[PDB]
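Here's the structure we're looking at; comments come further down.
There are 4 protein chains.
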Amino acid sequence: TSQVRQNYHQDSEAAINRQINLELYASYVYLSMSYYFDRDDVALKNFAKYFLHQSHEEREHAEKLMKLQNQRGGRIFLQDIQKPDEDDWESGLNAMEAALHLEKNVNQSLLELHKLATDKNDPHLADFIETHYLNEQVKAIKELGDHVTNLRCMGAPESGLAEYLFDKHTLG
Amino acid sequence: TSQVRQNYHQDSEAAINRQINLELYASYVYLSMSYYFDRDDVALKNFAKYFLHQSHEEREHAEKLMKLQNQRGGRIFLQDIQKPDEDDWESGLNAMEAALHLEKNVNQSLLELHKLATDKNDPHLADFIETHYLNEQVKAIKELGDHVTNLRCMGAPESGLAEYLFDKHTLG
Amino acid sequence: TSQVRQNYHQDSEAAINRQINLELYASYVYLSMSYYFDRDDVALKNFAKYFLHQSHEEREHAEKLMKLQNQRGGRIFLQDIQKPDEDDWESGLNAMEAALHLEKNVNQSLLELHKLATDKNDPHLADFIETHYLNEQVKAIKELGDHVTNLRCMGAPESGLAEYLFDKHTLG
Amino acid sequence: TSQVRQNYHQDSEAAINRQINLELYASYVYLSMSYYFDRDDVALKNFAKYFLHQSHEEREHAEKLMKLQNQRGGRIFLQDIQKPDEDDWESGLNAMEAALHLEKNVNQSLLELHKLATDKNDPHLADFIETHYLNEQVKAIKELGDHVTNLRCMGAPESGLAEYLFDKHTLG
Ligand SMILES: [Ca+2]
Ligand SMILES: [Ca+2]
Ligand SMILES: [Ca+2]
Ligand SMILES: [Ca+2]
Ligand SMILES: [Ca+2]
Ligand SMILES: [Ca+2]
Ligand SMILES: [Fe+3]
Ligand SMILES: [Fe+3]
Ligand SMILES: [Fe+3]
Ligand SMILES: [Fe+3]
Ligand SMILES: [Fe+3]
Ligand SMILES: [Fe+3]
Ligand SMILES: [Fe+3]
Ligand SMILES: [Fe+3]
Numbered sequence: 005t006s007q008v009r010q011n012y013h014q015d016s017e018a019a020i021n022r023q024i025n026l027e028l029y030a031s032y033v034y035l036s037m038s039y040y041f042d043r044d045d046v047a048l049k050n051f052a053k054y055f056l057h058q059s060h061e062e063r064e065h066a067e068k069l070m071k072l073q074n075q076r077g078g079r080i081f082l083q084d085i086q087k088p089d090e091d092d093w094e095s096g097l098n099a100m101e102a103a104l105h106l107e108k109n110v111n112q113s114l115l116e117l118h119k120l121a122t123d124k125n126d127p128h129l130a131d132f133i134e135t136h137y138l139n140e141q142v143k144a145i146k147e148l149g150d151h152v153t154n155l156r157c158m159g160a161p162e163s164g165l166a167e168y169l170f171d172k173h174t175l176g
Numbered sequence: 005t006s007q008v009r010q011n012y013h014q015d016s017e018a019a020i021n022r023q024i025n026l027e028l029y030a031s032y033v034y035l036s037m038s039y040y041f042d043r044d045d046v047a048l049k050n051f052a053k054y055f056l057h058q059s060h061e062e063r064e065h066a067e068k069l070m071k072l073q074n075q076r077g078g079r080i081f082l083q084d085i086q087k088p089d090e091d092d093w094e095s096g097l098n099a100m101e102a103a104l105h106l107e108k109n110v111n112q113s114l115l116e117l118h119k120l121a122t123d124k125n126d127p128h129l130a131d132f133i134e135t136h137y138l139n140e141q142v143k144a145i146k147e148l149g150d151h152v153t154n155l156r157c158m159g160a161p162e163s164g165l166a167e168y169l170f171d172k173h174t175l176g
Numbered sequence: 005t006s007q008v009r010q011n012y013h014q015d016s017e018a019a020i021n022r023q024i025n026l027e028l029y030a031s032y033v034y035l036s037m038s039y040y041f042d043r044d045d046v047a048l049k050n051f052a053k054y055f056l057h058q059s060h061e062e063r064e065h066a067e068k069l070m071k072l073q074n075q076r077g078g079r080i081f082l083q084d085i086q087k088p089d090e091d092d093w094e095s096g097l098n099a100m101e102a103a104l105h106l107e108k109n110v111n112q113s114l115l116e117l118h119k120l121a122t123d124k125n126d127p128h129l130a131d132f133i134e135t136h137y138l139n140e141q142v143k144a145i146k147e148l149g150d151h152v153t154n155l156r157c158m159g160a161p162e163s164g165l166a167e168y169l170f171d172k173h174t175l176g
Numbered sequence: 005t006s007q008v009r010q011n012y013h014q015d016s017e018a019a020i021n022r023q024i025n026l027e028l029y030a031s032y033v034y035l036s037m038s039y040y041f042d043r044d045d046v047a048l049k050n051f052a053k054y055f056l057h058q059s060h061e062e063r064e065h066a067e068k069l070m071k072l073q074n075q076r077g078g079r080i081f082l083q084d085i086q087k088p089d090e091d092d093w094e095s096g097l098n099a100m101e102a103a104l105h106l107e108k109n110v111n112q113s114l115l116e117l118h119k120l121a122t123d124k125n126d127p128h129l130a131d132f133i134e135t136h137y138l139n140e141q142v143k144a145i146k147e148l149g150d151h152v153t154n155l156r157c158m159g160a161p162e163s164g165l166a167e168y169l170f171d172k173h174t175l176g
């Protein structure tokens, strides 16, 4: 149907649409986390900044997947963006752990998208996933794990002083 | 009860949560339009840029309303962002017309929020709506109307030459 | 009658005079708190700086209300500035809590001034209150609530280590 | 017998020589199109410049492939660069269509080279093809499609004005 489409399986196009939805959902979760930390009864402003930045970055990765869909002659098909599963994120340690899990899920779905690209012999799609998503997911997961470890060693969440100082020193 | 809450009725808290979801919906619609215009068989780069900037601006307003919710002692409650009821926006003129109607609906809902706010003797929320949304939406609807009028006067949608030149001279 | 007076009822003139005295009272309380934190047996320099700046800001608002009184054709009538009902503010957390309540009271009195202003069909005074006081007091109360929340979460007032570090990392 | 040769299959060597020829040919086609638009009876200056830049870039791609052949220890075997199919390219839209077809063909043989390379477990050759050729081809095809779409929507080739305005706005 598209004059530019070449070597671009319809499974790959649907999988790209689903991945776009996933990146937008991650962006939504991060947004809710961020403004949770903006509440006057939490007031961890750098946690808020950190999560809001990650939310904009997930939105950027969704926009790049939409660009990629148009680049391949695919056609973008958007779904509802589900609300996050929680509205109260308990603590900075618990937010960081939910984000760790969220990035692990996103990575796993990216790895399935890669294996689909490879078994459909679409090396452009495989290398796009590699170059723009795979190492970024690994760096994100490593950094979240670092934060989780530090918060836990400092005595979070029972130690609110721990979360305050982490907000000041690591997220500052 | 919040330690900062003062003169913030529950109706306006809920209407703010609804307005947050509405502004997130608006940016979703603009994002869909933007990448429709990035398709290989549409290829109007400045229409795409225009709607992507509108998208980001709507997201910034949603975040501003979240900030106000937290500022007022309210609780942010996020619901699903409904997918745009359209996939193919047909043309630049039709996209501008749909944006005009979207913004008009957002505007009347903002006025209903303001009417509720002044009904409940909450002058900070009313002036906030005024200050940060009312004239912004008026200018936005006026701009979109100008865009619609120009594209129509130029021969859109029958002549793709009109849409091409509007994309270059106005959206450029 | 003034040569410039127009649509300035006597109730709002008197309420402006009362608000002038209230804002002078607020700055007096902040000044007392500031130098409490300068005592040799308290010695939290940035708490002191913070409350002295709040004091000067309240004095600037009192002077702004005086300027508005003169602008509207009214007569400034000054009454005694009542001494703060406390000498010893006990701790940084308790000082922040007292400031939170002070500002909350000032805010509801500002809303009563606005309600009177819109009762009397005086839209300039109402928008002036909005513009120059309503969102300022909202931001102030939110900031003080954040401060209270952090100091509490950090272990104040039991651990003077929390107050020391808050003084360094947040008020610094 | 190359002292540097390692994991470089004789089929990979030959396929690289064929790709070198194909890129020099793409360069020749672009050169012929560019000087067709420099004709006094066509005289579309920016079409000319665009296709000259495409020709210089295609020959840089050829030289990168020759350098790759040497890095891997294979041997450059060059062949005739065939003259293009057409001397007269008819119009700007027809030229853009021929360019789109030509680049889709270059892309198909690049994908075949990647399949060969991964069939021979030559991951260096694969990743080289990926990062220096495959996304550049995907972007080139997307861009030519966009151009064709605009020429068509504007009413080319029947409207000489459409191609004039496209020359001035998109290509200038
Ligand atoms: Ca790769
Ligand atoms: Ca429809
Ligand atoms: Ca006492
Ligand atoms: Ca020949
Ligand atoms: Ca690879
Ligand atoms: Ca280019
Ligand atoms: Fe991501
Ligand atoms: Fe991510
Ligand atoms: Fe808006
Ligand atoms: Fe808007
Ligand atoms: Fe004040
Ligand atoms: Fe104040
Ligand atoms: Fe090439
Ligand atoms: Fe090329």
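Protein chains in written order, with the entry's author numbering: chain C, 5 to 176; chain D, 5 to 176; chain D', 5 to 176; chain B, 5 to 176. A prime marks a further copy of an entry chain.
Where is the CB? At the ideal position from N, CA and C, for every residue including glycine.
What are the boundary residues of the alpha helix (DSSP H) that includes residue i?
{"i": "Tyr137(B)", "result": "Unbroken run through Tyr137(B): none, as it is neither H nor E."}
{"i": "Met100(C)", "result": "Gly96 to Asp123"}
{"i": "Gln58(B)", "result": "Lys49 to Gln75"}
{"i": "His173(B)", "result": "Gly164 to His173"}
Whole angstroms is fine: what's the gap from residue i's alpha carbon to residue j's?
{"i": "residue 200(D)", "j": "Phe41(D)", "result": "Because chain D in this structure spans residues 5 to 176, residue 200(D) falls outside the shown range and cannot be described."}
{"i": "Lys71(D')", "j": "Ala102(C)", "result": "53 Å"}
{"i": "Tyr29(B)", "j": "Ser59(B)", "result": "9 Å"}
{"i": "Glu94(D)", "j": "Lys68(D)", "result": "32 Å"}
{"i": "residue 1(B)", "j": "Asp123(C)", "result": "Not covered by the structure: residue 1(B). The range shown for chain B is 5 to 176."}
{"i": "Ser36(C)", "j": "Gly78(B)", "result": "56 Å"}
{"i": "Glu147(C)", "j": "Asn139(B)", "result": "29 Å"}
{"i": "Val152(C)", "j": "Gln141(D)", "result": "42 Å"}
{"i": "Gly96(B)", "j": "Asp171(D)", "result": "20 Å"}
{"i": "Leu129(B)", "j": "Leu129(C)", "result": "17 Å"}
{"i": "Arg43(D)", "j": "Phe81(C)", "result": "13 Å"}
{"i": "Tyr12(B)", "j": "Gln23(B)", "result": "16 Å"}
{"i": "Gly164(D)", "j": "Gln75(B)", "result": "50 Å"}
{"i": "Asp150(B)", "j": "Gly159(D)", "result": "21 Å"}
{"i": "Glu162(B)", "j": "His136(B)", "result": "38 Å"}
{"i": "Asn154(D')", "j": "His65(C)", "result": "34 Å"}
{"i": "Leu104(D')", "j": "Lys53(D)", "result": "45 Å"}
{"i": "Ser6(C)", "j": "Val46(D)", "result": "11 Å"}
{"i": "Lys119(D')", "j": "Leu120(D)", "result": "16 Å"}
{"i": "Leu169(D)", "j": "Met100(B)", "result": "20 Å"}
What would DSSP say about residue i, mapped onto helix, strand or coil?
{"i": "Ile145(C)", "result": "helix"}
{"i": "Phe41(D)", "result": "coil"}
{"i": "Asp126(C)", "result": "coil"}
{"i": "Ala160(B)", "result": "coil"}
{"i": "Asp15(B)", "result": "helix"}
{"i": "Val33(B)", "result": "helix"}
{"i": "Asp150(D)", "result": "helix"}
Provide the residue(s) that pair with residue i in DSSP beta bridges, ordered along the chain.
{"i": "residue 2(B)", "result": "The question about residue 2(B) has no answer, for chain B in this structure spans 5 to 176."}
{"i": "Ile85(D)", "result": "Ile85(C)"}
Thinking C-beta only, is residue j closer than 8 Å to residue i?
{"i": "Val8(C)", "j": "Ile133(B)", "result": "no"}
{"i": "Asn98(D)", "j": "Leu175(D)", "result": "no"}
{"i": "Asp89(D)", "j": "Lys87(C)", "result": "no"}
{"i": "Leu117(B)", "j": "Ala19(B)", "result": "yes"}
{"i": "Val33(D')", "j": "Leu115(D')", "result": "no"}
{"i": "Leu56(C)", "j": "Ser38(C)", "result": "yes"}
{"i": "residue 2(C)", "j": "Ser113(C)", "result": "Since the displayed chain C opens at 5 and closes at 176, residue 2(C) lies outside it and no answer follows."}
{"i": "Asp126(B)", "j": "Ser16(B)", "result": "yes"}
{"i": "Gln10(D)", "j": "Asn111(D')", "result": "yes"}
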